[PDB]
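Student: For reference, the structure I am asking about is given below.
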Amino acid sequence: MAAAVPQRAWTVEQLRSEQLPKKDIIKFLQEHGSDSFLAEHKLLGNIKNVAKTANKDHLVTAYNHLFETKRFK
């Protein structure tokens with residue numbers, strides 16, 4: 020678990036699913052997504068504060084772009 024890379028837990032469709040909440044997605048993206056990722060995509064700080072202004076489709080966009088530029092640690 021010491022420097023374990025983020026293997027996506029959920030797929031694009033699983034995220035878009037209104038069954039799956041926005042909070043645990045933002046948790047995943049702030050859990051390993053570094054400071055520049057969190058600043059540009061505004062996923063830093065209090066999850067709920069982000070979640071009240073986070074739309075699901077933006078979170079799936081942020082998710083896909085995370086791995087695309089390796090912005091995670």
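In the deposited numbering, the protein residues as written are 20 to 92.
Quick reminder that beta carbons are idealized off the backbone N, C-alpha and C, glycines included.
Are three or more beta carbon pairs between the region 42-50 and the region 71-82 nearer than 8 angstroms?
Tutor: A contact exists between the region 42-50 and the region 71-82.
Student: For residue 23, which option in 51, 37, 40, 33 has the closest C-alpha, if you only look at C-alpha atoms?
Tutor: Position 4 of the sequence shown, counted from the first residue, corresponds to residue 23. Of 51, 37, 40, 33, the residue nearest in Cα terms is 51.
Student: Ordered along the chain, which non-local residues of its own chain (more than five positions away) have a Cβ less than 8 angstroms from that of residue 53?
Tutor: Taking the first residue of the sequence shown as position 1, residue 53 is located at position 34. Excluding sequence neighbours, residue 53 sits near 90, 91, 92.
Student: Given this structure, state the Cα-to-Cα distance separating residue 75 from residue 20, to the nearest angstrom.
Tutor: Position 56 of the sequence shown, counted from the first residue, corresponds to residue 75. Position 1 of the sequence shown, counted from the first residue, corresponds to residue 20. One C-alpha to the other measures close to 28 angstroms.
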